[PDB]
Amino acid sequence: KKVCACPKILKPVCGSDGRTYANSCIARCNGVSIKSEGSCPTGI
């Protein structure tokens, strides 16, 4: 129940914790910034 709503577009990001979230809005809602655009490589 809010006037704001996050986007539903398929544009995921790697957060500075090294997790991937579905978009920039959901990433910021955890209290953390985006390290880069796109999903990140699990091999590093």
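Keep in mind that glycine also has a Cβ here, set from the backbone N, Cα and C atoms.
Feature annotations, reproduced from Swiss-Prot:
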- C4-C29: disulfide bond (DISULFID)
- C6-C25: disulfide bond (DISULFID)
- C14-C40: disulfide bond (DISULFID)
- 1-42: domain 'Kazal-like' (DOMAIN)
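Shown on the structure are the features that Swiss-Prot records.
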{"residue": "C4", "record": "disulfide bond", "CB count, 10 Å": "5"}
{"residue": "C6", "record": "disulfide bond", "CB count, 10 Å": "14"}
{"residue": "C14", "record": "disulfide bond", "CB count, 10 Å": "18"}
{"residue": "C25", "record": "disulfide bond", "CB count, 10 Å": "16"}
{"residue": "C29", "record": "disulfide bond", "CB count, 10 Å": "11"}
{"residue": "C40", "record": "disulfide bond", "CB count, 10 Å": "16"}
*For the domain 'Kazal-like' (1-42), what are the same-chain contacts with Cβ under 8 Å, counting residues 6+ beyond its ends?*
none
*List only the single closest residue to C6 (disulfide bond), chosen from the disulfide-bonded residues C14, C29, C40 by CA-CA distance.*
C29
*Cα separation, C14 (disulfide bond) to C4 (disulfide bond) (Å, whole number)*: 23
